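Trainee: below is the sequence, then the experimental coordinates.
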Amino acid sequence: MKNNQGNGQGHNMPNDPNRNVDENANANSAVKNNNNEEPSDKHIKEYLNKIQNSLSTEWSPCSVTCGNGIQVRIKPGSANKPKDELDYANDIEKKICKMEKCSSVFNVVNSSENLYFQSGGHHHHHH
């Protein structure tokens with residue numbers, strides 16, 4: 001039988017009552033499908049750097065639903081040469097390919113591709 005509050009929660013950062021809980025709403029909008037939107041330049045240009053570290057000669061899928069697909073990889077001719085000296089404007093070889101299933105006759109859900117859009121979580125909004 002004690003009348004003292006005690007340590008309880010203890011030292012901690014203050015909460016934000018002003019901030020509203022829109023996480024539930026965000027989850028509903030955190031999923032997209034049946035979209036024919038082409039990949040962004042930011043996404044495409046970052047890919048060059050993303051695979052830059054592991055750049056090699058290989059033919060990759062178009063990776064598009066209704067836009068001119070493009071894959072950029074080291075040119076086979078320059079494959080023998082060190083990759084470090086190879087650059088996008090110097091020896092990188094690329095090709096174009098359009099999606100065959102872009103006949104606009106059958107819907108193609110992109111729910112399976114949603115994971116890419118989401119970072120596997122969500123961040124709250126402050127102020």
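Mentor: Right, received. Where do you want to start? Numbers count the residues shown, from 1 in each chain.
Trainee: next secondary structure element downstream of the longest helix along the chain?
Mentor: For the chain, the helix with the greatest residue count under DSSP state H is helix 41-50. Beyond helix 41-50 in the direction of the C-terminus, DSSP states H and E gives the next helix or strand as strand 69-74.
Trainee: looking at it, residue 107 is touching residue 65, isn't it?
Mentor: No - under the criterion of CB atoms under 8 Å, residue 107 makes no contact with residue 65, lying 10.7 Å away. For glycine as for every other residue, the C-beta is placed from the backbone atoms N, C-alpha and C.
Trainee: neighbour count winner among the two?
Mentor: For residue 107 versus residue 65, neighbours defined as other CB atoms under 10 Å are more numerous around residue 65 (18 against 7).
Trainee: any idea how far the more buried one lies from residue 118?
Mentor: Distance, residue 65 to residue 118, using CB to CB, to the nearest Å: 18 Å.
Trainee: okay, angle between the longest helix of the chain and strand 69-74 too, please.
Mentor: 30 degrees (axes from the mean of the first three to the mean of the last three CA atoms, to 10 degrees).
Trainee: chain center to helix 41-50: distance?
Mentor: Distance of helix 41-50 from the chain centroid (CA atoms, centre = their mean, to the nearest Å) equals 10 Å.
Trainee: packing partners of that helix?
Mentor: Helix 41-50 makes packing contacts with no helix or strand when contacts are defined by 3 or more CB pairs under 8 Å, 6 or more residues apart in numbering; DSSP states H and E.
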